[PDB]
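We begin with a single chain expressed as structure tokens, specifically the form deposited in one PDB entry.
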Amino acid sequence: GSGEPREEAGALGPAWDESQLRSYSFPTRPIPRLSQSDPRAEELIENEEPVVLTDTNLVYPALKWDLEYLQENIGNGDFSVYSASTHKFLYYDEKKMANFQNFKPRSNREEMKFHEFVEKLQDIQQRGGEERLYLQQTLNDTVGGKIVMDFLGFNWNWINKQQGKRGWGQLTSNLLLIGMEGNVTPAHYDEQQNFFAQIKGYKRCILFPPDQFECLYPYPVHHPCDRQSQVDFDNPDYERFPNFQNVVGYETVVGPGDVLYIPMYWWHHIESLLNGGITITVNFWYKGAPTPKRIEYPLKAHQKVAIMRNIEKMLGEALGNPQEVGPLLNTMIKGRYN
């Protein structure tokens, strides 16, 4: 699925090896790895299909980053450091905890200074694989001059050529990520174009097209975990999510100089290879190209997902209580569209 490991330059041996990939209950096809000059790449990006561009130098200067360097050249600054009790990082939207008062969060986020992060990070590495941390921070923290330089060294010309050539809109977000081995962010989906610039370490990426909605079972729109598959990929419950047995995604392993496009609405599942050491990556999120007023039929999968999403929110308003959403949809269907 992820293909045979790539060989490191200067006979340094296979980049990674199969034992470092976690086990899953489904097939996968490889995402094509190409050059930014290859016409087929611009194509795939235009038909909103994932690609792995290998020579964009988007993050060239950052390829030298590492803990030591980073702590040494970054200002005090606050760094959101997410922590989990296992490999699965269970992120959640606080603003929606009211709607599901019995939802107990399993991913604390603590603000701390970079060095403090490195500390706890090493601690775990000496006592043991207890928690797993994940520092996610934006690239606007006036950080060490050294860093700002590197941030400037990024290939903006290129990435911008995209933002315009593709017709997308504003760059919604830009985060820096440093994780440990085995870190996994369960499958989920954004409604924005994605570019993941791998830097240090290798990351396994698994994507499912929006049309795989019926097999992934997102949480209810009003649920803290909205946009995330409810299926434990480590132990699917085919009794509740039977169509998970029909899921099929594209996968690939990204290394230091690679940039993976993740078309909006797609489902991505990210995991830092086991025994692969720490991983550093910077991600970019561009708001999508404004939708055409002329809607052609039939609709693309994401257009439906849009529809579904809205109707749910719509009933949230109407009924004045997101809990009643379910019961309504059911009476509306049972015996009628069953």
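Throughout, we count residues from 1 along the sequence that is shown.
Beyond what is shown, the protein has a form solved in complex with a small molecule; the following relates to that form.
Contact check for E131: no non-hydrogen atom falls within 4.5 Å of the small molecule in the bound PDB entry. The small molecule in the bound PDB entry comes within 4.5 Å of no heavy atom belonging to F26. Taking non-hydrogen atoms only, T86 never approaches the small molecule to within 4.5 angstroms in the bound PDB entry.
Proximity of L175 to the small molecule in the bound PDB entry: non-hydrogen atoms within 4.5 Å are present. The stretch among 160-168, 189-197, 213-221, 69-77 whose residues place heavy atoms within 4.5 Å of the small molecule in the bound PDB entry is 189-197. The partner is absent here; in the bound PDB entry, the one residue of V51, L273, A62, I270 having a heavy atom within 4.5 Å of the small molecule is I270. The single contact residue among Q230, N99, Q136, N155, judged by any heavy atom lying within 4.5 Å of the small molecule in the bound PDB entry, is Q136.
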